[PDB]
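S.K.: sequence, then structure. It's an experimental one.
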Protein chains: 4
Amino acid sequence: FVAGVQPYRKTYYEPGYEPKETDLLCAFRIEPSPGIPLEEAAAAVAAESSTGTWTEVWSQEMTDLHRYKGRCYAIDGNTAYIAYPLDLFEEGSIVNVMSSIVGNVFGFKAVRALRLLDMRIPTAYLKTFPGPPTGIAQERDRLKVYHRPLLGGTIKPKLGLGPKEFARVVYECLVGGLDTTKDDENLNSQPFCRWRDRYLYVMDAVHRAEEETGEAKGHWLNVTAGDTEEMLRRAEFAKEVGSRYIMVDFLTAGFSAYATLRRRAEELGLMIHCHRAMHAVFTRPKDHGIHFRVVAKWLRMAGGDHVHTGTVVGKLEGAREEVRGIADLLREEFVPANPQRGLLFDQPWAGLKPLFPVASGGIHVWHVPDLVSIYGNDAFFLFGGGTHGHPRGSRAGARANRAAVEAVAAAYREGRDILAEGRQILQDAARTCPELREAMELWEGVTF
Amino acid sequence: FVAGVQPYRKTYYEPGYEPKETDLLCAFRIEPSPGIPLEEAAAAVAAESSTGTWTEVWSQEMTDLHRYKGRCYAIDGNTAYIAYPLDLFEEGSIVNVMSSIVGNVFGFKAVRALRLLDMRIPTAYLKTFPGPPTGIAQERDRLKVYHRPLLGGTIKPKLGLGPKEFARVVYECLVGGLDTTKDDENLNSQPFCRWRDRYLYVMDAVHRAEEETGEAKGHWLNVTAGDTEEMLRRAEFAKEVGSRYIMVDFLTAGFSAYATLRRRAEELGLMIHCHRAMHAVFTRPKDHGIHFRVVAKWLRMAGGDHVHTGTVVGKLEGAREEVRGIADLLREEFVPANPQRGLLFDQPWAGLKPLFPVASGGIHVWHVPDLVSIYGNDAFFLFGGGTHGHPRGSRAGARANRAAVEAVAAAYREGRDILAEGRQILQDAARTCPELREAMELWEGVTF
Amino acid sequence: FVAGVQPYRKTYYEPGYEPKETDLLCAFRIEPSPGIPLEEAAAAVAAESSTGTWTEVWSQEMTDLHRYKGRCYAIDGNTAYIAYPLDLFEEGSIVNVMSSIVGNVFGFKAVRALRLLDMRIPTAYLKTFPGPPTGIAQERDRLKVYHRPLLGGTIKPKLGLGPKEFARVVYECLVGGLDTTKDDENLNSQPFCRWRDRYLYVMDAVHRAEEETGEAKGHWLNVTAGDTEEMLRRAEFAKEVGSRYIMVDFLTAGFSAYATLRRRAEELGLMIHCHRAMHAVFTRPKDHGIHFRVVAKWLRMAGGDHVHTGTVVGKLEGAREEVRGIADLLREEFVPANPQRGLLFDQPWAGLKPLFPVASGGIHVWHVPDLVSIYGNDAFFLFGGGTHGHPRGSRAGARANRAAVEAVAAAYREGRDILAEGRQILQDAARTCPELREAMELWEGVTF
Amino acid sequence: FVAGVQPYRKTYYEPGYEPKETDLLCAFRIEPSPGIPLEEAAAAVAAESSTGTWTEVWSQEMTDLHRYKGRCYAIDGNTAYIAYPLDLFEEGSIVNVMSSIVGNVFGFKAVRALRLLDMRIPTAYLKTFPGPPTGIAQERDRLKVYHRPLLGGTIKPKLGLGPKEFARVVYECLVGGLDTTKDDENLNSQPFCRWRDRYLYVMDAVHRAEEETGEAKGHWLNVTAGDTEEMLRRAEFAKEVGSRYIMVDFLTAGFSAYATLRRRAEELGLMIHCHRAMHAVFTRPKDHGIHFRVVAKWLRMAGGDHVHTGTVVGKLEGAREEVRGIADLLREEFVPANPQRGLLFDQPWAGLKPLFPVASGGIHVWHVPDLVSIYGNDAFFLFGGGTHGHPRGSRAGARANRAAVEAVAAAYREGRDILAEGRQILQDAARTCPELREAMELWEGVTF
Ligand SMILES: O=C(O)[C@@](O)(COP(=O)(O)O)[C@H](O)[C@H](O)COP(=O)(O)O
Ligand SMILES: O=C(O)[C@@](O)(COP(=O)(O)O)[C@H](O)[C@H](O)COP(=O)(O)O
Ligand SMILES: O=C(O)[C@@](O)(COP(=O)(O)O)[C@H](O)[C@H](O)COP(=O)(O)O
Ligand SMILES: O=C(O)[C@@](O)(COP(=O)(O)O)[C@H](O)[C@H](O)COP(=O)(O)O
Ligand SMILES: [Mg+2]
Ligand SMILES: [Mg+2]
Ligand SMILES: [Mg+2]
Ligand SMILES: [Mg+2]
């Protein structure tokens, strides 16, 4: 054992290494600090994510470093590909994967910037995860909604509504045509609206809407809480009050608490909506953080029934091709690499169930064509402000959104170029839907 | 109710608003997108973090918006200060605070970049949190270590060591002079080292070291797991095998799972080490994300006994003044605003216990003076590679680090300018500590 | 440290002290013993309620006395105002507040008499309490009773009725027009009427009355018992038999047992009626004890849905202005100081839900105007003897009371001076309600 | 059934009634309001405590009123004796007894003032209660202290001491000669001293003192909390940390929570100290409230091992003869009526165990004779300020108090008139105890 500092690339840079089908592959966009070669930066990332530290240690003689070390096996431009042995990762733990890959390498002075673009989860590691508990087909059967994007909407204002008024808005939206509604990610339990009262009032509203309309309706009750036990108690109550849906902010709540909640919800027969609050703090920058496709893969492994993926045309940033790739990752059993969409690895899913992409944020009727072009039919379209911001109220807005979604889905099923004929399709739908006409007039030139 | 899109600043920009002592204040560095005024961007952040959406909603007539809305009450340069009413936040839930403040505002197209710099947690909201379960004084009493920084070290290599070899390294480090040791953040339970076997072997080593040295020793067993129940089971086993310490990756595991684990550990009498793995994905960029001082405040509220804060002179990025401010936040009962250190608010702590800052990452004996200058005595100095990378082994490295820390702490207590006389202090210590001399020679010019 | 007895005012009398918004303020009417100055008495009260004892102790050198001590910061007449630091009180514990403020200072020879008039609970301490689980609006929604005082009545005789006869009286009262009924505070479980049989028979009667009338009906089943576990079991059974209401004697049972019961009832979805039995042993005297406004604040913090507040015109002592102040404390989100009503502090409620004042005790139809003047619509009017003492039976008495309450509430909503036109309103109601006429004739000159 | 208001004395005043051995007898000092005869006031008290209301009710025809009604069977001066049938009271429930006897009769306008002086608990009702779990003899055997009053002391200052300093004071007191120590009634769990840390540190101190002195030592850890479950958890922890003692504020916490805690402590083998905080709010006034002898009877029924009874010569009000009567009630198996001591009934105890009277509050060495005269040997003498206020510290004060207690107990056992020779006995003890001499000099003229 030779004590002292040695370059990482001496051991953790293996350009000739051929990744094994069982290896976990990570793509890192690296901006090294001045004086640090890109190869050295990639080797440092691999070493400090898998086995290495800043200096040689005698203890390395007590284990097979070459069997366990992560190594950079390729560098294309600024993108370094690193392979990690399967044995490095705890089975069925997204937490361990994050602590390894994105644990400390992002804070190293040697790298000015570091972004995790894509991850290749091996089938062997995937088999250790449960996947979504319900799936797209089972959810559609539960809601009896087919050949159409599923409509929804966040109840607004985000905060300040009492349980009675909140449930009144929920009932208006559901009777107006929305398939589901949801609590806002920040609405968990507050003095103005405690979670028990909100659950009771909202489920009364949901049952009334189901009886009146005759269609399956639900509300994504937010069980997010400051402790896992409270989240489990809230999910149990949601099941008690008759809810078929719950929602959780898995990133803020955490992947461990989310795994516990997913197990409990599968036991309870509840569908889990996954809100990605706080993702943009590390998914937005193009030079640093984690691309949301990786988070989508992690969530699919952890077992979400729906997850937010982006609107592209909405108020929140999102790239069209990246969103298409994320939707394919969430919905397909095998996603081949697509450099245009940012997918740098062929990603099998080992039979893990698909989940619903959710489009939410500053989307109104005029955005329905584009959304259907991006997502097709197997997706959730959430209209919060587009529903309640209708001049005639939430019921009219829900009716307008339902009409627009149905018309665009019918055109898409017919093979029409919805991207080019979207305005005509919406106008034709509005000819018989005054609510749709009013919504189109109100938000004609509203763009982000 | 007037349907349509209105500027956020019309309602959510209130420059004349005077924050209440009960309000929660957030400072945001905002880089607005072209064509978006800074006032409009700040108002959008406040609205979409508290109550507002992209368009007016009739439901606003059902609640007092001005009582609940968050508003930007000041804009200095690119830093906008936003006040949130206390009633907006669920009691004792960091998850709700994150879902509100950093939920969706970071992904808005209107803002090119958004960074949460500082947060003013009101005393009323602080009283709803438990705080650290042990505290600095109680931990020192348990370890019987006073008037000296507490030594530690991550066992290396990060992965690949079996339980027997891992415990052998632990025993060598503890007998050499380290007060504690820890599992690496990515070492939870793997085929090469399962958590049960590691716990048993490591606690045997810790007990042997305690018997031989006669001083209190511990190992920060990592209970991080993919589910909260597994983490609780691992903490219970750690207590069963006689460990007085556990560690968890609270960010990757989550704040809800962390709160559950903290409650269970306080019940079990275990001290919790908090590893901030994955923080750099959103704390490093200067234009986007969350500054780690906010995360430190959140962790202190959630009840960590120690938390990593930075080395400044180590291998991971960290600013000296920011680290000093974070240490004051973690250790003081009241931290006045300090623009030099980035503290933009006076932060009371409502009697919440202080916790130990931890300095780890590419630090060896030569960095001990600076560290003591930055942190003083109430801190943990972690030497992973500095211990095992010693030429004569982990025991010699631990002895050298203990000697350096003791000498520098003695000089600091004597009022000497350790920053200027650090090399002389280390040389004088090495005159009687050959291990310290060897460590100094090996890493003389090693800088980051 | 100087051993020996020193005057309290030397340390615990700080006239220049400015109370902090986080401090807990107590107003004490003090009658000092001969030879004891009022300042000395107030200082003694503060010292022996917060930190001090009868003589100096060396241990005071081990803590910051000035940071933790309670101090008298003002003396107006015989009323001394004492400020206690927030850190002195355990979070979410009325028991600790009582043990501090009213623990031992009332038995001191130095003070001939001591009465706790008002307390200023800070918002920070309030946020640590749950508040009422249901609230006025939610309770009205559950009962579907709006714009009207809610009618009720204690079943009489207090004791000696079997479950069958008790339930028969309950059914007659509920079908006659009473919204709810209740067990007497002393009727818990006795050989003549065991609690299980009473619960079963009473819930059968309540369900029959609900079916016949078509209006929501309930009975405040008394779960008060000699142990907390028995109270929890009785509440669970009450939920099992379909009751939406339970009642407990929180003072006799205790605030700790009451807190446990409130948690369990919120879990069970039960509304809790709070009976203030044994309050008059320390709330009646004008020179000694605790004013009931303080107990009302404590109960609102502890989370009662309704609490008895007084009748003024009934058989039990009560001041009109004090009762108005107590009602405002129980029902308002912020109660400004009102010397006329005895409110010496501005009392925020930090979003804690309001609860229902209950007027009970020697009140018949003729007292309905005054009651509505005192309480308005958001209150419960309990007619025990006024219902069963009707010549034609409990059903006729309930009908008469309902008619009187409805007529007076309609007049009040119309802006009529119910205090001056109450007799005319009752006569006009009786023109179409023979039961009301009989009740008015029977109790025309019955006054207390 | 004749509807209308009738005088109470017509039915509830039965001067010729002969109380049955199974009846529960209450003595009430009554000050009737002007125009209300004393007989009418006593009848009203009986009626509204047992079965009656303000007017006749038809439901009385459904039960045997004369079998269940409470009746005033004698009026001597202003003291009315009322008999209540045994069947009126729930078995083993002090809460029900309080809700009946002292429920609402104290707030009646008909009575200007009402005080419950004494109660005759029948043997049949007593057999339904558990009594103290340990008893005087068992406690003495556990402590191995015989033929001597047991010494103790409240740790001062009441609040503001941390766990380490608190335990240091505890250790000094215990090693100095105190048999036990206790937390103050208001010290439960606070930011400055959390209950877990206090329990751990205090039990370490207690074990160290036991090892050093060789005598049994204990600390009355305060388990009082805002909920019964928290109190049970704290008692369980106290047992876990090795404590043989716990203390609870039974009045503030409540008799139901106290009964639950007593059951759990008997299961755990813990001795319960009963603090009577808040008693003086209703036991001090001579014209209104409840005399503490009744509360002492209730506590003995509920099963306390020790209870505070008064000092007479201390800082808190207390009558010598009343305190002697209370001590006899707590310690004797049968207490005959004693008008001089205020005992108006012969009180059997049906084999219920005796408990320890506790003398606390402004008592120093000079008060030891009087105390021994009042209580004898079977009592606890608590010196809070008398221990820590010693010039040389808590250890010296504890030594002085132990010396004084031992000397006075030896003189009492010898038949000496300790009341007349107390100063000589203390001086003779001080001839060989410099700490006692210093304590006597410091507090020579300190009187209350
Ligand atoms: O808070 C909001 O902004 C929303 O309720 C949308 O409301 P509106 O429909 O009224 O705009 C959604 O949570 C987001 O759009 C963010 O989802 P994500 O970023 O995960 O796509
Ligand atoms: O994995 C590592 O790099 C370490 O074990 C250090 O090992 P060495 O001492 O051998 O360098 C620590 O986890 C970090 O330094 C990160 O802590 P943080 O970023 O929270 O400060
Ligand atoms: O026992 C009673 O006297 C009552 O049932 C009233 O019966 P009636 O309606 O037949 O008089 C009520 O408990 C009280 O009036 C006391 O309530 P509070 O003192 O809390 O106001
Ligand atoms: O707080 C106090 O005053 C004490 O700790 C005494 O301290 P000192 O010995 O230092 O005076 C005791 O609780 C009381 O005397 C009241 O007991 P009670 O009224 O039940 O007799
Ligand atoms: Mg949302
Ligand atoms: Mg590490
Ligand atoms: Mg009653
Ligand atoms: Mg005390």
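M.R.: Here it is on my side, so go on. Numbering: from 1, shown residues only, chains lettered A, B, ... in the order given. Ligands and ions are numbered 1, 2, ... in the order given.

S.K.: of all of chain A, which residue lies closest to chain B?
M.R.: Proximity to chain B, evaluated over chain A using C-beta to the nearest C-beta, is greatest for residue A:254 at 1.1 Å. Yep, even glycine has a C-beta here, placed from its N, CA and C like the rest.

S.K.: quick check: the nearest residue to that residue once chain neighbours are set aside vs ligand 3, distance?
M.R.: Distance criterion C-beta to C-beta, 6 or more residues apart in numbering or on different chains; nearest residue to residue A:254, sequence neighbours excluded, is residue B:254 at 1.1 Å. Residue B:254 sits 48 Å away from ligand 3, going by C-beta to the nearest ligand atom, to the nearest Å.

S.K.: quick one: residues contacting residue B:254.
M.R.: Counting by C-beta atoms under 8 Å, 6 or more residues apart in numbering or on different chains, residue B:254 makes contact with A:95, A:252, A:253, A:254, A:255, A:256, A:257, A:258, B:95.

S.K.: of these, which pair is most distant in space?
M.R.: Within those, A:95 and B:95 form the most distant pair, 15.8 Å apart (C-beta to C-beta).

S.K.: hey, where'd the strands end up in the stretch 301-448 of chain A?
M.R.: For the stretch 301-448 of chain A, the strands defined by DSSP state E, counting those that start in this stretch occupy A:306-308, A:334-335, A:347-348, A:356-360, A:380-382.

S.K.: any residue of the longest one touching ligand 5?
M.R.: No. Applying C-beta under 5 Å from the ion, one finds that strand A:356-360 is not in contact with ligand 5, the shortest distance being 6.9 Å.

S.K.: pull the CA atoms of that strand into CSV?
M.R.: Taking C-alpha atoms only, strand A:356-360 is exported to CSV below (Å, rounded to 0.1, in the frame of the first residue of the first chain):
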residue,chain,number,x,y,z
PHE,A,356,-49.7,8.1,-15.9
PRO,A,357,-47.9,11.2,-17.0
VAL,A,358,-49.6,14.3,-15.7
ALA,A,359,-49.6,17.7,-17.5
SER,A,360,-50.3,20.6,-15.2
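
S.K.: can you pull the buried residues of it?
M.R.: Judged by neighbour count using 16 or more other C-beta atoms under 10 Å in any protein chain shown, the buried positions of strand A:356-360 are A:356, A:357, A:358, A:359, A:360.

S.K.: which helices and strands sit right next to it?
M.R.: strand A:150-152, strand A:306-308, helix A:320-331, helix A:368-375, strand A:380-382 (3 or more C-beta pairs under 8 Å, 6 or more residues apart in numbering or on different chains; DSSP states H and E).

S.K.: swap in 10 Å and give it another go.
M.R.: Here strand A:356-360 touches helix A:136-143, strand A:150-152, strand A:271-275, strand A:306-308, helix A:320-331, helix A:368-375, strand A:380-382, going by 3 or more C-beta pairs under 10 Å, 6 or more residues apart in numbering or on different chains; DSSP states H and E.

S.K.: and the third one, which strands flank it?
M.R.: Meaning strand A:271-275. strand A:245-249 (parallel), strand A:306-308 (parallel) (DSSP bridges).

S.K.: including distance to residue C:112 and mean neighbour count, could these go into JSON lines?
M.R.: Below are the strands paired with strand A:271-275 laid out as JSON lines (distance: least, C-beta to C-beta, whole Å; neighbours: other C-beta atoms under 10 Å in any protein chain shown):
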{"stretch": "strand A:245-249", "distance to residue C:112": "60", "mean neighbour count": "28"}
{"stretch": "strand A:306-308", "distance to residue C:112": "69", "mean neighbour count": "28"}
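
S.K.: so can I have TSV of those showing distance to ligand 1?
M.R.: What follows is these, written out as TSV (distance: least, C-beta to the nearest ligand atom, whole Å):
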stretch	distance to ligand 1
strand A:245-249	10
strand A:306-308	3
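
S.K.: quick one: residues contacting the residue nearest the centre of chain A.
M.R.: Nearest to the geometric centre of chain A sits residue A:307, at 3.7 Å (C-alpha atoms, centre = their mean). Contacts for residue A:307 were tallied using C-beta atoms under 10 Å, 6 or more residues apart in numbering or on different chains; they are A:132, A:250, A:272-276, A:292, A:295-296, A:299-300, A:326, A:330, A:355-358, A:380.
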